[PDB]
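Colleague: This is the content of final.cif (mmCIF, N, CA, C and O atoms):
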```cif
data_data
#
loop_
_atom_site.label_atom_id
_atom_site.label_comp_id
_atom_site.auth_asym_id
_atom_site.auth_seq_id
_atom_site.Cartn_x
_atom_site.Cartn_y
_atom_site.Cartn_z
N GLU A 3 -66.48 30.03 -53.32
CA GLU A 3 -65.11 29.64 -53.78
C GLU A 3 -64.21 29.42 -52.57
O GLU A 3 -64.38 30.08 -51.54
N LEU A 4 -63.26 28.49 -52.70
CA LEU A 4 -62.41 28.08 -51.58
C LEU A 4 -61.55 29.25 -51.10
O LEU A 4 -60.93 29.95 -51.91
N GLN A 5 -61.54 29.47 -49.79
CA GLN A 5 -60.65 30.42 -49.15
C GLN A 5 -59.66 29.68 -48.28
O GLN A 5 -59.98 28.65 -47.68
N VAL A 6 -58.45 30.22 -48.19
CA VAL A 6 -57.45 29.73 -47.26
C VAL A 6 -57.24 30.85 -46.23
O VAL A 6 -56.74 31.92 -46.56
N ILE A 7 -57.68 30.61 -44.99
CA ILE A 7 -57.69 31.65 -43.97
C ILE A 7 -56.57 31.44 -42.95
O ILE A 7 -56.56 30.45 -42.21
N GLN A 8 -55.61 32.37 -42.93
CA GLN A 8 -54.61 32.46 -41.86
C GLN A 8 -54.93 33.70 -41.03
O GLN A 8 -54.59 34.82 -41.42
N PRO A 9 -55.60 33.51 -39.88
CA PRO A 9 -56.07 34.68 -39.13
C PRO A 9 -54.94 35.55 -38.57
O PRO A 9 -55.08 36.77 -38.51
N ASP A 10 -53.84 34.93 -38.17
CA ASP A 10 -52.77 35.66 -37.51
C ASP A 10 -51.86 36.29 -38.54
O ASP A 10 -51.20 35.59 -39.32
N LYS A 11 -51.82 37.62 -38.54
CA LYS A 11 -50.88 38.37 -39.39
C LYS A 11 -49.43 38.13 -38.94
O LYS A 11 -48.51 38.03 -39.77
N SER A 12 -49.23 38.03 -37.63
CA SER A 12 -47.92 37.73 -37.07
C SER A 12 -48.03 37.06 -35.71
O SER A 12 -49.03 37.22 -35.00
N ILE A 13 -47.00 36.32 -35.35
CA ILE A 13 -46.88 35.77 -34.01
C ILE A 13 -45.45 35.92 -33.51
O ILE A 13 -44.50 35.94 -34.30
N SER A 14 -45.32 36.01 -32.19
CA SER A 14 -44.04 36.22 -31.54
C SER A 14 -43.81 35.09 -30.54
O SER A 14 -44.61 34.87 -29.62
N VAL A 15 -42.69 34.38 -30.72
CA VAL A 15 -42.38 33.18 -29.95
C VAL A 15 -40.99 33.33 -29.32
O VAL A 15 -40.08 33.84 -29.95
N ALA A 16 -40.83 32.91 -28.07
CA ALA A 16 -39.51 32.87 -27.44
C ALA A 16 -38.73 31.67 -27.97
O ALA A 16 -39.29 30.58 -28.09
N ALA A 17 -37.45 31.86 -28.28
CA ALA A 17 -36.60 30.75 -28.71
C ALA A 17 -36.72 29.60 -27.70
O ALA A 17 -36.68 29.83 -26.49
N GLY A 18 -36.91 28.39 -28.21
CA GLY A 18 -37.12 27.22 -27.35
C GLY A 18 -38.58 26.83 -27.17
O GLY A 18 -38.88 25.68 -26.84
N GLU A 19 -39.49 27.78 -27.38
CA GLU A 19 -40.92 27.52 -27.26
C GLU A 19 -41.49 27.06 -28.60
O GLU A 19 -40.79 27.04 -29.62
N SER A 20 -42.77 26.67 -28.60
CA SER A 20 -43.44 26.23 -29.82
C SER A 20 -44.22 27.36 -30.47
O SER A 20 -44.72 28.26 -29.80
N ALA A 21 -44.31 27.30 -31.79
CA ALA A 21 -45.09 28.25 -32.58
C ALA A 21 -46.30 27.51 -33.14
O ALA A 21 -46.15 26.44 -33.72
N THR A 22 -47.48 28.08 -32.96
CA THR A 22 -48.70 27.53 -33.56
C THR A 22 -49.14 28.43 -34.70
O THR A 22 -49.48 29.60 -34.50
N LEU A 23 -49.12 27.87 -35.91
CA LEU A 23 -49.44 28.60 -37.12
C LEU A 23 -50.80 28.16 -37.62
O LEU A 23 -50.98 26.99 -37.95
N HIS A 24 -51.76 29.08 -37.64
CA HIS A 24 -53.14 28.72 -37.91
C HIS A 24 -53.53 28.83 -39.37
O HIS A 24 -53.15 29.77 -40.07
N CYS A 25 -54.30 27.85 -39.81
CA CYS A 25 -54.83 27.82 -41.16
C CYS A 25 -56.07 26.96 -41.20
O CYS A 25 -56.09 25.84 -40.69
N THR A 26 -57.12 27.50 -41.80
CA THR A 26 -58.32 26.73 -42.05
C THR A 26 -58.74 26.95 -43.51
O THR A 26 -58.51 28.02 -44.09
N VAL A 27 -59.26 25.91 -44.12
CA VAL A 27 -59.86 26.02 -45.44
C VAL A 27 -61.36 26.12 -45.26
O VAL A 27 -61.90 25.79 -44.20
N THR A 28 -62.04 26.60 -46.30
CA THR A 28 -63.48 26.76 -46.24
C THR A 28 -64.17 25.76 -47.14
O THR A 28 -65.39 25.73 -47.20
N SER A 29 -63.40 24.92 -47.84
CA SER A 29 -63.97 23.88 -48.68
C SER A 29 -63.02 22.70 -48.84
O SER A 29 -61.81 22.84 -48.73
N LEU A 30 -63.61 21.53 -49.09
CA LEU A 30 -62.86 20.32 -49.43
C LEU A 30 -62.75 20.18 -50.95
O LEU A 30 -62.18 19.20 -51.44
N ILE A 31 -63.29 21.15 -51.68
CA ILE A 31 -63.30 21.13 -53.14
C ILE A 31 -62.60 22.38 -53.68
O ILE A 31 -62.91 23.49 -53.24
N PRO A 32 -61.68 22.22 -54.64
CA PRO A 32 -61.25 20.97 -55.27
C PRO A 32 -60.39 20.11 -54.35
O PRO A 32 -59.77 20.63 -53.41
N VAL A 33 -60.39 18.81 -54.61
CA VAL A 33 -59.64 17.86 -53.81
C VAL A 33 -58.14 18.05 -54.02
O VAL A 33 -57.68 18.29 -55.14
N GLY A 34 -57.37 17.96 -52.94
CA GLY A 34 -55.92 18.07 -53.02
C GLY A 34 -55.28 18.51 -51.72
O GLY A 34 -55.97 19.03 -50.83
N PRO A 35 -53.96 18.34 -51.60
CA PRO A 35 -53.26 18.50 -50.33
C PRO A 35 -53.04 19.96 -49.94
O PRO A 35 -53.06 20.85 -50.79
N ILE A 36 -52.84 20.19 -48.64
CA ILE A 36 -52.44 21.49 -48.12
C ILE A 36 -50.95 21.36 -47.75
O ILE A 36 -50.52 20.35 -47.21
N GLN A 37 -50.16 22.37 -48.10
CA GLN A 37 -48.76 22.37 -47.74
C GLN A 37 -48.43 23.70 -47.09
O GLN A 37 -49.03 24.72 -47.41
N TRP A 38 -47.48 23.67 -46.16
CA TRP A 38 -46.96 24.88 -45.55
C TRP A 38 -45.56 25.19 -46.09
O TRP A 38 -44.70 24.30 -46.18
N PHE A 39 -45.34 26.45 -46.43
CA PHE A 39 -44.03 26.94 -46.82
C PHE A 39 -43.61 28.13 -45.98
O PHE A 39 -44.45 28.91 -45.49
N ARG A 40 -42.30 28.26 -45.82
CA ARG A 40 -41.69 29.50 -45.34
C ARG A 40 -41.25 30.29 -46.59
O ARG A 40 -40.42 29.81 -47.37
N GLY A 41 -41.82 31.47 -46.79
CA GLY A 41 -41.53 32.25 -47.97
C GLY A 41 -42.52 31.98 -49.09
O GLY A 41 -43.11 30.89 -49.21
N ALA A 42 -42.72 33.00 -49.92
CA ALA A 42 -43.51 32.88 -51.14
C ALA A 42 -42.66 33.12 -52.38
O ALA A 42 -43.19 33.31 -53.49
N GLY A 43 -41.33 33.10 -52.21
CA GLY A 43 -40.39 33.28 -53.31
C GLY A 43 -40.20 32.00 -54.11
O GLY A 43 -40.69 30.95 -53.72
N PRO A 44 -39.45 32.08 -55.22
CA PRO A 44 -39.26 30.92 -56.09
C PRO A 44 -38.47 29.78 -55.45
O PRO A 44 -38.53 28.64 -55.92
N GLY A 45 -37.74 30.10 -54.37
CA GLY A 45 -36.99 29.09 -53.60
C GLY A 45 -37.53 28.84 -52.21
O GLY A 45 -36.80 28.32 -51.37
N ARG A 46 -38.82 29.17 -51.99
CA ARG A 46 -39.50 28.95 -50.71
C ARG A 46 -39.21 27.57 -50.09
O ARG A 46 -39.03 26.56 -50.80
N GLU A 47 -39.18 27.53 -48.76
CA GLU A 47 -38.86 26.31 -48.03
C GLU A 47 -40.11 25.53 -47.67
O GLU A 47 -41.08 26.09 -47.16
N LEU A 48 -40.10 24.23 -47.92
CA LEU A 48 -41.20 23.38 -47.49
C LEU A 48 -41.12 23.12 -45.99
O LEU A 48 -40.08 22.68 -45.49
N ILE A 49 -42.22 23.39 -45.29
CA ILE A 49 -42.29 23.25 -43.83
C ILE A 49 -43.15 22.06 -43.42
O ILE A 49 -42.85 21.38 -42.43
N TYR A 50 -44.20 21.80 -44.17
CA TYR A 50 -45.04 20.66 -43.92
C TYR A 50 -45.77 20.21 -45.18
O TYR A 50 -46.25 21.03 -45.96
N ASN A 51 -45.80 18.90 -45.38
CA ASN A 51 -46.66 18.24 -46.35
C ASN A 51 -47.19 16.98 -45.68
O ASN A 51 -46.47 16.34 -44.91
N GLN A 52 -48.44 16.62 -45.97
CA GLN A 52 -49.07 15.45 -45.36
C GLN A 52 -48.41 14.16 -45.87
O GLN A 52 -47.88 13.36 -45.09
N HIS A 56 -40.96 13.61 -44.25
CA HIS A 56 -41.55 14.12 -43.02
C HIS A 56 -40.61 15.12 -42.35
O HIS A 56 -39.42 15.15 -42.66
N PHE A 57 -41.15 15.94 -41.46
CA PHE A 57 -40.37 16.95 -40.75
C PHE A 57 -40.50 16.80 -39.23
O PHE A 57 -41.60 16.88 -38.68
N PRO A 58 -39.36 16.59 -38.54
CA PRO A 58 -39.35 16.15 -37.14
C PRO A 58 -40.08 17.06 -36.15
O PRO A 58 -40.71 16.56 -35.22
N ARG A 59 -40.00 18.37 -36.35
CA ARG A 59 -40.46 19.34 -35.35
C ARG A 59 -41.87 19.87 -35.62
O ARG A 59 -42.35 20.75 -34.91
N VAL A 60 -42.55 19.33 -36.63
CA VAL A 60 -43.87 19.82 -36.99
C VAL A 60 -44.93 18.77 -36.68
O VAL A 60 -44.72 17.58 -36.89
N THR A 61 -46.05 19.22 -36.14
CA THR A 61 -47.22 18.36 -35.98
C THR A 61 -48.47 19.16 -36.33
O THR A 61 -48.46 20.38 -36.36
N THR A 62 -49.56 18.45 -36.63
CA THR A 62 -50.82 19.10 -36.92
C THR A 62 -51.55 19.35 -35.61
O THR A 62 -51.52 18.52 -34.70
N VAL A 63 -52.20 20.51 -35.50
CA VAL A 63 -53.01 20.84 -34.33
C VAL A 63 -54.22 19.90 -34.25
O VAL A 63 -54.55 19.39 -33.18
N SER A 64 -54.87 19.66 -35.39
CA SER A 64 -56.02 18.76 -35.47
C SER A 64 -55.64 17.41 -36.06
O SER A 64 -54.52 17.22 -36.52
N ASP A 65 -56.58 16.47 -36.03
CA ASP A 65 -56.40 15.16 -36.65
C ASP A 65 -56.84 15.23 -38.11
O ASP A 65 -58.01 15.45 -38.40
N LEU A 66 -55.87 15.06 -39.02
CA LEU A 66 -56.13 15.20 -40.45
C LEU A 66 -56.81 13.96 -41.02
O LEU A 66 -57.54 14.06 -42.01
N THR A 67 -56.57 12.80 -40.41
CA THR A 67 -57.22 11.56 -40.82
C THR A 67 -58.64 11.53 -40.26
O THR A 67 -58.98 10.67 -39.45
N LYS A 68 -59.45 12.48 -40.70
CA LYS A 68 -60.80 12.67 -40.18
C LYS A 68 -61.64 13.38 -41.22
O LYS A 68 -61.31 14.48 -41.66
N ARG A 69 -62.74 12.73 -41.63
CA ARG A 69 -63.60 13.25 -42.68
C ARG A 69 -64.17 14.62 -42.31
O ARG A 69 -64.54 14.85 -41.15
N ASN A 70 -64.20 15.51 -43.29
CA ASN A 70 -64.73 16.86 -43.13
C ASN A 70 -63.79 17.81 -42.38
O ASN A 70 -64.20 18.90 -42.01
N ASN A 71 -62.53 17.40 -42.16
CA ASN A 71 -61.56 18.28 -41.50
C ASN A 71 -61.19 19.44 -42.40
O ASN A 71 -60.88 19.26 -43.57
N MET A 72 -61.22 20.65 -41.85
CA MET A 72 -60.79 21.82 -42.59
C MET A 72 -59.79 22.68 -41.80
O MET A 72 -59.51 23.81 -42.20
N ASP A 73 -59.25 22.14 -40.70
CA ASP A 73 -58.18 22.80 -39.94
C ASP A 73 -56.84 22.20 -40.31
O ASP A 73 -56.63 20.99 -40.16
N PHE A 74 -55.93 23.05 -40.78
CA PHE A 74 -54.60 22.62 -41.20
C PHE A 74 -53.52 23.38 -40.45
O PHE A 74 -52.35 23.46 -40.90
N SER A 75 -53.89 23.90 -39.29
CA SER A 75 -52.96 24.57 -38.41
C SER A 75 -51.86 23.60 -38.00
O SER A 75 -52.10 22.40 -37.86
N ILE A 76 -50.64 24.12 -37.85
CA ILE A 76 -49.52 23.30 -37.42
C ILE A 76 -48.85 23.89 -36.19
O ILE A 76 -49.05 25.06 -35.86
N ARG A 77 -48.08 23.05 -35.51
CA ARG A 77 -47.28 23.44 -34.36
C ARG A 77 -45.83 23.10 -34.66
O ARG A 77 -45.53 21.98 -35.07
N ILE A 78 -44.92 24.06 -34.48
CA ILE A 78 -43.50 23.83 -34.71
C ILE A 78 -42.78 23.93 -33.37
O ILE A 78 -42.84 24.97 -32.70
N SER A 79 -42.12 22.85 -32.97
CA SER A 79 -41.47 22.80 -31.66
C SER A 79 -40.07 23.40 -31.69
O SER A 79 -39.43 23.46 -32.75
N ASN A 80 -39.62 23.87 -30.53
CA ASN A 80 -38.24 24.29 -30.32
C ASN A 80 -37.78 25.33 -31.34
O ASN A 80 -36.80 25.13 -32.07
N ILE A 81 -38.50 26.44 -31.36
CA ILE A 81 -38.26 27.53 -32.30
C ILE A 81 -36.90 28.18 -32.05
O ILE A 81 -36.50 28.37 -30.91
N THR A 82 -36.18 28.48 -33.13
CA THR A 82 -34.97 29.29 -33.08
C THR A 82 -35.06 30.41 -34.13
O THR A 82 -35.96 30.40 -34.97
N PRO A 83 -34.13 31.38 -34.08
CA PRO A 83 -34.11 32.44 -35.09
C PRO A 83 -34.08 31.95 -36.52
O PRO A 83 -34.55 32.67 -37.41
N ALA A 84 -33.55 30.74 -36.75
CA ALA A 84 -33.56 30.11 -38.07
C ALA A 84 -34.98 29.86 -38.58
O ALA A 84 -35.19 29.66 -39.77
N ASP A 85 -35.96 29.91 -37.69
CA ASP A 85 -37.36 29.75 -38.09
C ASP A 85 -38.07 31.06 -38.42
O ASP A 85 -39.21 31.03 -38.88
N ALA A 86 -37.43 32.20 -38.17
CA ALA A 86 -38.07 33.48 -38.47
C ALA A 86 -38.39 33.56 -39.95
O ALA A 86 -37.58 33.15 -40.79
N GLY A 87 -39.56 34.09 -40.27
CA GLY A 87 -39.97 34.29 -41.65
C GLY A 87 -41.48 34.29 -41.75
O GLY A 87 -42.19 34.20 -40.73
N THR A 88 -41.98 34.39 -42.98
CA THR A 88 -43.42 34.40 -43.22
C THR A 88 -43.84 33.02 -43.70
O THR A 88 -43.24 32.47 -44.64
N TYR A 89 -44.86 32.50 -43.04
CA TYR A 89 -45.32 31.13 -43.26
C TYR A 89 -46.65 31.17 -43.99
O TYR A 89 -47.58 31.88 -43.59
N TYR A 90 -46.74 30.38 -45.05
CA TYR A 90 -47.93 30.34 -45.89
C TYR A 90 -48.54 28.95 -45.95
O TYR A 90 -47.85 27.98 -46.21
N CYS A 91 -49.85 28.91 -45.74
CA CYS A 91 -50.67 27.74 -45.92
C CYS A 91 -51.18 27.74 -47.36
O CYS A 91 -51.77 28.73 -47.81
N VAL A 92 -50.94 26.65 -48.09
CA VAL A 92 -51.21 26.64 -49.53
C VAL A 92 -51.98 25.39 -49.91
O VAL A 92 -51.56 24.27 -49.62
N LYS A 93 -53.12 25.62 -50.55
CA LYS A 93 -53.95 24.56 -51.07
C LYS A 93 -53.47 24.22 -52.48
O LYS A 93 -53.20 25.10 -53.30
N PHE A 94 -53.39 22.92 -52.74
CA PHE A 94 -53.06 22.40 -54.05
C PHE A 94 -54.26 21.62 -54.56
O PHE A 94 -54.95 20.97 -53.77
N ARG A 95 -54.52 21.73 -55.86
CA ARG A 95 -55.50 20.88 -56.55
C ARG A 95 -54.78 19.65 -57.11
O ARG A 95 -53.67 19.76 -57.64
N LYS A 96 -55.42 18.49 -56.99
CA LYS A 96 -54.89 17.25 -57.54
C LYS A 96 -54.84 17.35 -59.07
O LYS A 96 -55.74 17.91 -59.69
N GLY A 97 -53.77 16.82 -59.66
CA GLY A 97 -53.64 16.86 -61.12
C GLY A 97 -52.66 15.84 -61.66
O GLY A 97 -51.96 15.17 -60.90
N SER A 98 -52.63 15.73 -62.99
CA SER A 98 -51.68 14.87 -63.68
C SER A 98 -50.74 15.76 -64.49
O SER A 98 -51.20 16.66 -65.20
N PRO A 99 -49.41 15.53 -64.39
CA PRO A 99 -48.72 14.57 -63.52
C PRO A 99 -48.91 14.81 -62.03
O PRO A 99 -49.24 13.86 -61.31
N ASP A 100 -48.72 16.04 -61.57
CA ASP A 100 -48.68 16.33 -60.13
C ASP A 100 -49.68 17.40 -59.68
O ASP A 100 -50.34 18.05 -60.49
N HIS A 101 -49.77 17.56 -58.36
CA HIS A 101 -50.62 18.59 -57.75
C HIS A 101 -50.23 19.98 -58.22
O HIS A 101 -49.04 20.27 -58.38
N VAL A 102 -51.22 20.83 -58.45
CA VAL A 102 -51.00 22.21 -58.90
C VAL A 102 -51.44 23.18 -57.82
O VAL A 102 -52.50 22.99 -57.22
N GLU A 103 -50.62 24.20 -57.54
CA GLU A 103 -50.99 25.22 -56.55
C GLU A 103 -52.29 25.90 -56.94
O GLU A 103 -52.44 26.38 -58.07
N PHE A 104 -53.23 25.93 -56.00
CA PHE A 104 -54.57 26.43 -56.27
C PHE A 104 -54.79 27.80 -55.62
O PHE A 104 -55.23 28.75 -56.28
N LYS A 105 -54.46 27.90 -54.34
CA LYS A 105 -54.70 29.12 -53.58
C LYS A 105 -53.81 29.16 -52.34
O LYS A 105 -53.59 28.13 -51.71
N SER A 106 -53.31 30.34 -52.01
CA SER A 106 -52.48 30.54 -50.81
C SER A 106 -53.19 31.40 -49.77
O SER A 106 -53.90 32.35 -50.12
N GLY A 107 -53.01 31.04 -48.50
CA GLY A 107 -53.31 31.93 -47.39
C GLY A 107 -52.47 33.18 -47.43
O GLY A 107 -51.52 33.29 -48.21
N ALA A 108 -52.81 34.14 -46.58
CA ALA A 108 -52.22 35.48 -46.62
C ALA A 108 -50.81 35.55 -46.04
O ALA A 108 -50.08 36.51 -46.31
N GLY A 109 -50.43 34.58 -45.23
CA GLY A 109 -49.10 34.55 -44.62
C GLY A 109 -49.17 35.00 -43.18
O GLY A 109 -49.96 35.88 -42.83
N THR A 110 -48.36 34.37 -42.35
CA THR A 110 -48.24 34.72 -40.95
C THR A 110 -46.76 34.91 -40.68
O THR A 110 -45.96 34.01 -40.98
N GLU A 111 -46.39 36.07 -40.16
CA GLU A 111 -44.99 36.35 -39.84
C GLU A 111 -44.65 35.81 -38.45
O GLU A 111 -45.30 36.14 -37.47
N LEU A 112 -43.61 34.98 -38.39
CA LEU A 112 -43.10 34.45 -37.14
C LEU A 112 -41.84 35.21 -36.78
O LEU A 112 -40.84 35.11 -37.48
N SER A 113 -41.92 36.00 -35.71
CA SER A 113 -40.76 36.64 -35.10
C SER A 113 -40.30 35.80 -33.92
O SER A 113 -41.11 35.30 -33.15
N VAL A 114 -38.99 35.67 -33.77
CA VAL A 114 -38.42 34.89 -32.69
C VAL A 114 -37.72 35.85 -31.75
O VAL A 114 -36.74 36.49 -32.14
N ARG A 115 -38.23 35.96 -30.53
CA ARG A 115 -37.65 36.84 -29.52
C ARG A 115 -36.27 36.35 -29.06
O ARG A 115 -36.11 35.19 -28.69
#
```
Step by step, read the file and then write its structure as structure tokens.
Modeller:
Amino acid sequence: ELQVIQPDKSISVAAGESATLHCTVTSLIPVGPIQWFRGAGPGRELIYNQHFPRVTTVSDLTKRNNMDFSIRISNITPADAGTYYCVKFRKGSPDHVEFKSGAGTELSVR
């Protein structure tokens, strides 16, 4: 069964530096997008969906068999502090449905 693995429980970044948030999936099935959020609450913030100026993917997503969905966030400030979740969605009608979430990585800003 598909796992969403966020190895880092927490990371510590100096304001102005970049944060690398790691996430890998263990399957391409079921088919559907990976999204990053800050928070797991009902008003969680969208951080990345396959636009946001300061985010890039660590790996090349336009590549068959890719299972790395780690992201890099540039120019970190205290406004970025929080817990970041990598979330797999299954494709559906009308829209994609949340399938499974990674464990969360806490970003502290020094």
Colleague: Can you work out the spacing between CA of residue 25 (chain A) and atom C of residue 97 (chain A) in Å, to one decimal?
Modeller: 23.8 Å
Colleague: Per residue of region 24-45 of chain A within 8 Å of region 3-12 of chain A, what are the shortest atom pair and its distance in Å to one decimal, counting only N, CA, C and O atoms, with rows by chain and residue number, as a tab-separated table?
Modeller:
```
residue	atom	partner	partner_atom	distance
A:24	O	A:8	CA	3.5
A:25	CA	A:7	O	3.3
A:26	O	A:7	N	2.9
A:27	CA	A:5	O	3.5
A:28	N	A:5	O	3.2
A:29	N	A:4	CA	5.0
A:30	N	A:4	CA	7.1
A:31	O	A:4	CA	4.9
A:32	N	A:4	CA	6.7
```
Colleague: Taking (-42.1, 38.4, -30.6) as a centre in this file's frame and 4.5 Å as the limit, can you find every polymer residue with an atom that close, using all atoms listed in the file, and give them as a list in words?
Modeller: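 Taken together, the residues in range are residues 14, 15 and 113 of chain A.
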Colleague: So which one's closest to residue 62 (chain A), A:17, A:33, A:23, A:114? Using all atoms listed in the file, please.
Modeller: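 Checking each candidate against residue 62 (chain A), we get A:23 as the closest.
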Colleague: List, as JSON, numbers by chain, every residue that the PyMOL selection byres ((chain A and resi 77) around 5) selects in the file provided.
Modeller: {"A": [21, 22, 23, 59, 60, 61, 62, 63, 75, 76, 78, 79]}
Colleague: Evaluate the PyMOL selection byres ((chain A and resi 85) around 8) and record the selected residues as a ChimeraX atom specification, following the chain and residue labels used in the document.
Modeller: /A:40,80-84,86-89,110-114
Colleague: Written as a PyMOL selection string, what is the full residue list that the PyMOL selection byres ((chain A and resi 49) around 5) yields on the file shown?
Modeller: chain A and resi 38-40+47-48+50-51
Colleague: Which of these, A:71, A:37, A:64, A:20, has the shortest distance to residue 104 (chain A) once you count only C-alpha atoms?
Modeller: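 Smallest separation from residue 104 (chain A) among the options: A:37.
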Colleague: Taking the backbone alone, and naming residues the way the document does, which bits of region 28-89 of chain A are strand (DSSP E) by DSSP, as a PyMOL selection string?
Modeller: chain A and resi 36-40+47-51+60-62+76-78+87-89
Colleague: Of the residues A:108, A:16, A:36, A:42, which is the one nearest to residue 95 (chain A), using only N, CA, C and O atoms?
Modeller: A:36
Colleague: Can you work out the spacing between atom N of residue 19 (chain A) and atom C of residue 115 (chain A) in Å, to one decimal?
Modeller: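 Going from atom N of residue 19 (chain A) over to atom C of residue 115 (chain A), I get 9.3 Å.
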